[PDB]
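> Supplied structure: query.txt, compact mmCIF, C-alpha atoms.
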# COMPACT_ATOMS: atom_id res chain seq x y z
CA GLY C 1 -1.31 -17.24 -33.13
CA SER C 2 0.44 -14.07 -34.29
CA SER C 3 -1.99 -12.02 -32.20
CA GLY C 4 -1.41 -8.97 -30.02
CA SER C 5 -3.07 -6.05 -28.24
CA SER C 6 -2.35 -2.51 -27.06
CA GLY C 7 -1.07 -1.69 -23.58
CA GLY C 8 2.60 -1.40 -22.73
CA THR C 9 4.15 -1.23 -26.19
CA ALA C 10 6.98 0.95 -27.51
CA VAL C 11 7.87 1.96 -31.07
CA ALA C 12 11.53 2.38 -32.04
CA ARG C 13 11.63 5.95 -33.32
CA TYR C 14 15.28 5.41 -34.22
CA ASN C 15 17.19 2.51 -35.78
CA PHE C 16 19.32 0.64 -33.24
CA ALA C 17 21.64 -2.27 -34.03
CA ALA C 18 22.23 -4.71 -31.18
CA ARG C 19 25.92 -5.26 -30.46
CA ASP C 20 25.61 -8.01 -27.85
CA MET C 21 23.68 -11.22 -28.50
CA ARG C 22 21.80 -10.30 -25.33
CA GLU C 23 20.56 -6.97 -26.70
CA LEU C 24 17.65 -6.76 -29.14
CA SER C 25 17.87 -5.17 -32.59
CA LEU C 26 15.41 -2.33 -33.19
CA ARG C 27 14.12 -1.12 -36.55
CA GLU C 28 12.34 2.15 -37.35
CA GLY C 29 8.70 1.15 -36.91
CA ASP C 30 9.27 -2.00 -34.88
CA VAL C 31 6.79 -2.46 -32.02
CA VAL C 32 8.06 -3.98 -28.77
CA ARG C 33 6.09 -5.33 -25.82
CA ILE C 34 7.11 -4.51 -22.24
CA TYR C 35 7.38 -7.70 -20.20
CA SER C 36 9.60 -6.60 -17.32
CA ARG C 37 10.37 -3.02 -16.28
CA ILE C 38 13.18 -3.94 -13.89
CA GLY C 39 15.55 -6.90 -13.70
CA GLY C 40 19.03 -6.05 -14.91
CA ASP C 41 19.97 -2.47 -15.74
CA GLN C 42 17.85 0.62 -15.05
CA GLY C 43 16.07 1.98 -18.10
CA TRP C 44 16.49 -1.09 -20.29
CA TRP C 45 13.31 -3.13 -20.79
CA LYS C 46 12.65 -6.73 -21.79
CA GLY C 47 10.29 -7.15 -24.73
CA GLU C 48 9.80 -9.22 -27.88
CA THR C 49 9.25 -8.57 -31.59
CA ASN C 50 9.81 -10.25 -34.95
CA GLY C 51 10.38 -13.46 -33.02
CA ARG C 52 13.34 -11.97 -31.16
CA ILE C 53 13.92 -11.58 -27.42
CA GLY C 54 16.58 -9.62 -25.57
CA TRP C 55 17.46 -6.32 -23.92
CA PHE C 56 16.49 -3.07 -25.63
CA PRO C 57 16.69 0.59 -24.51
CA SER C 58 13.52 2.55 -23.74
CA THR C 59 15.06 5.87 -24.78
CA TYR C 60 15.28 4.72 -28.40
CA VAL C 61 11.58 3.85 -28.39
CA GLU C 62 8.37 5.78 -27.71
CA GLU C 63 5.80 4.43 -25.25
CA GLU C 64 2.56 4.47 -27.24
CA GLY C 65 -0.33 5.89 -25.24
CA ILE C 66 -3.87 7.06 -25.95
CA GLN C 67 -4.91 6.32 -29.53
CA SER C 68 -7.56 8.25 -31.47
CA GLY C 69 -10.30 5.95 -32.74
CA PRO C 70 -13.45 7.46 -34.28
CA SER C 71 -11.90 10.45 -36.04
CA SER C 72 -13.67 11.80 -39.12
CA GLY C 73 -12.61 14.61 -41.44
Go through the file and emit its structure as structure tokens.

Amino acid sequence: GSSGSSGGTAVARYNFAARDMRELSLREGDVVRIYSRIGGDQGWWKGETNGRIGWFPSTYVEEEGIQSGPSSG
């Protein structure tokens, strides 16, 4: 597999080391998918990346939106 698409993904703009086995480690430039918006604590989101699943903050990441496609010089 190893396939993915755009739509509900966040990019860790800042390095974040998970303290609890429940949390998810974030690395500068690590994309994360948004599975559930609410479930445990407000703000925190449940995603998955690098074959790891857990709880990661949304404030440390940046929700990727519109993306420029056909852009010439």
> Give me, as a PyMOL selection string, all polymer residues having an atom no more than 7 Å from residue 12 in chain C, counting all atoms listed in the file and skipping those fewer than 2 positions away in the same chain.
chain C and resi 10+14-15+26-31+60-62
> Could you check the closest approach to residue 45 in chain C for each of C:71, C:8, C:16, C:66 and tell me which residue wins, using all atoms listed in the file?
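Checking each candidate against residue 45 in chain C, we get C:8 as the closest.
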> Anything within 9 Å of (11.4, 1.5, -23.7): list those residues as a ChimeraX atom specification, counting all atoms listed in the file and sticking to the file's coordinates.
/C:9-12,32-34,37,43-47,56-63
> Restricting the calculation to all atoms listed in the file, which member of C:52, C:23, C:7, C:1 is positioned closest to residue 67 in chain C?
C:7
> Please measure the separation of CA of residue 4 in chain C and CA of residue 70 in chain C, giving the value in Å to one decimal.
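Between CA of residue 4 in chain C and CA of residue 70 in chain C the gap works out to 20.8 Å.
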> Please compute the CA of residue 3 in chain C-CA of residue 22 in chain C distance, one decimal, in Å.
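Atom-to-atom, CA of residue 3 in chain C and CA of residue 22 in chain C are spaced 24.8 Å apart.
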> Go ahead and compute the interatomic distance for CA of residue 42 in chain C and CA of residue 13 in chain C, in Å to one decimal.
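CA of residue 42 in chain C sits 20.0 Å away from CA of residue 13 in chain C.
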> How would chain C look written as a PDB file, in the first residue's frame with C-alpha atoms?

ATOM      1  CA  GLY C   1       0.000   0.000   0.000  1.00  0.00           C
ATOM      2  CA  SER C   2       1.877   3.025   1.320  1.00  0.00           C
ATOM      3  CA  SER C   3      -0.619   5.290  -0.442  1.00  0.00           C
ATOM      4  CA  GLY C   4      -2.267   8.512   0.689  1.00  0.00           C
ATOM      5  CA  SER C   5      -4.176  11.598  -0.428  1.00  0.00           C
ATOM      6  CA  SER C   6      -4.793  15.218   0.564  1.00  0.00           C
ATOM      7  CA  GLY C   7      -7.681  16.320   2.760  1.00  0.00           C
ATOM      8  CA  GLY C   8      -7.436  16.630   6.524  1.00  0.00           C
ATOM      9  CA  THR C   9      -3.677  16.478   7.032  1.00  0.00           C
ATOM     10  CA  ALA C  10      -1.422  18.484   9.345  1.00  0.00           C
ATOM     11  CA  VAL C  11       2.317  19.165   9.192  1.00  0.00           C
ATOM     12  CA  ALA C  12       4.310  19.438  12.418  1.00  0.00           C
ATOM     13  CA  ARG C  13       5.883  22.888  12.117  1.00  0.00           C
ATOM     14  CA  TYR C  14       7.726  22.210  15.374  1.00  0.00           C
ATOM     15  CA  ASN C  15       9.498  19.161  16.798  1.00  0.00           C
ATOM     16  CA  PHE C  16       7.503  17.486  19.570  1.00  0.00           C
ATOM     17  CA  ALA C  17       8.654  14.486  21.604  1.00  0.00           C
ATOM     18  CA  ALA C  18       5.875  12.298  23.002  1.00  0.00           C
ATOM     19  CA  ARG C  19       6.178  11.751  26.754  1.00  0.00           C
ATOM     20  CA  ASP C  20       3.352   9.247  27.218  1.00  0.00           C
ATOM     21  CA  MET C  21       3.151   6.020  25.213  1.00  0.00           C
ATOM     22  CA  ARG C  22      -0.328   7.251  24.294  1.00  0.00           C
ATOM     23  CA  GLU C  23       0.922  10.464  22.683  1.00  0.00           C
ATOM     24  CA  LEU C  24       2.461  10.502  19.204  1.00  0.00           C
ATOM     25  CA  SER C  25       5.958  11.778  18.424  1.00  0.00           C
ATOM     26  CA  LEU C  26       6.087  14.594  15.870  1.00  0.00           C
ATOM     27  CA  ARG C  27       9.046  15.522  13.669  1.00  0.00           C
ATOM     28  CA  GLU C  28       9.593  18.731  11.700  1.00  0.00           C
ATOM     29  CA  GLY C  29       8.065  17.832   8.348  1.00  0.00           C
ATOM     30  CA  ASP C  30       5.998  14.862   9.496  1.00  0.00           C
ATOM     31  CA  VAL C  31       2.534  14.694   7.930  1.00  0.00           C
ATOM     32  CA  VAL C  32      -0.349  13.452  10.075  1.00  0.00           C
ATOM     33  CA  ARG C  33      -3.850  12.389   9.038  1.00  0.00           C
ATOM     34  CA  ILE C  34      -6.904  13.511  11.010  1.00  0.00           C
ATOM     35  CA  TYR C  35      -9.060  10.502  11.884  1.00  0.00           C
ATOM     36  CA  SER C  36     -11.094  11.825  14.813  1.00  0.00           C
ATOM     37  CA  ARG C  37     -11.551  15.468  15.806  1.00  0.00           C
ATOM     38  CA  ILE C  38     -13.124  14.717  19.186  1.00  0.00           C
ATOM     39  CA  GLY C  39     -12.901  11.756  21.544  1.00  0.00           C
ATOM     40  CA  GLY C  40     -10.683  12.435  24.533  1.00  0.00           C
ATOM     41  CA  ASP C  41      -9.313  15.919  25.163  1.00  0.00           C
ATOM     42  CA  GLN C  42     -10.295  19.086  23.299  1.00  0.00           C
ATOM     43  CA  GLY C  43      -7.763  20.204  20.709  1.00  0.00           C
ATOM     44  CA  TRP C  44      -5.822  16.948  20.525  1.00  0.00           C
ATOM     45  CA  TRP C  45      -6.418  14.921  17.362  1.00  0.00           C
ATOM     46  CA  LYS C  46      -5.970  11.248  16.478  1.00  0.00           C
ATOM     47  CA  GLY C  47      -3.864  10.612  13.390  1.00  0.00           C
ATOM     48  CA  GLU C  48      -1.179   8.286  12.050  1.00  0.00           C
ATOM     49  CA  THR C  49       2.266   8.611  10.471  1.00  0.00           C
ATOM     50  CA  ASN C  50       5.489   6.630  10.077  1.00  0.00           C
ATOM     51  CA  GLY C  51       3.521   3.594  11.210  1.00  0.00           C
ATOM     52  CA  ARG C  52       2.715   5.195  14.557  1.00  0.00           C
ATOM     53  CA  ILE C  53      -0.660   5.905  16.159  1.00  0.00           C
ATOM     54  CA  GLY C  54      -1.506   7.983  19.216  1.00  0.00           C
ATOM     55  CA  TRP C  55      -2.549  11.403  20.491  1.00  0.00           C
ATOM     56  CA  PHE C  56      -0.896  14.508  19.042  1.00  0.00           C
ATOM     57  CA  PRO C  57      -1.590  18.242  19.512  1.00  0.00           C
ATOM     58  CA  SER C  58      -3.039  20.309  16.667  1.00  0.00           C
ATOM     59  CA  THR C  59      -1.315  23.499  17.815  1.00  0.00           C
ATOM     60  CA  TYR C  60       2.103  22.035  17.018  1.00  0.00           C
ATOM     61  CA  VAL C  61       0.967  21.225  13.480  1.00  0.00           C
ATOM     62  CA  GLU C  62      -0.410  23.256  10.574  1.00  0.00           C
ATOM     63  CA  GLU C  63      -3.605  22.170   8.819  1.00  0.00           C
ATOM     64  CA  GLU C  64      -2.613  22.079   5.148  1.00  0.00           C
ATOM     65  CA  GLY C  65      -5.213  23.717   2.927  1.00  0.00           C
ATOM     66  CA  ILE C  66      -5.432  24.870  -0.683  1.00  0.00           C
ATOM     67  CA  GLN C  67      -2.367  23.839  -2.685  1.00  0.00           C
ATOM     68  CA  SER C  68      -1.091  25.624  -5.791  1.00  0.00           C
ATOM     69  CA  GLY C  69      -0.852  23.270  -8.754  1.00  0.00           C
ATOM     70  CA  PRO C  70      -0.139  24.681 -12.232  1.00  0.00           C
ATOM     71  CA  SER C  71       2.245  27.483 -11.267  1.00  0.00           C
ATOM     72  CA  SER C  72       4.812  28.584 -13.849  1.00  0.00           C
ATOM     73  CA  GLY C  73       7.577  31.160 -13.519  1.00  0.00           C
TER      74      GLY C  73
END
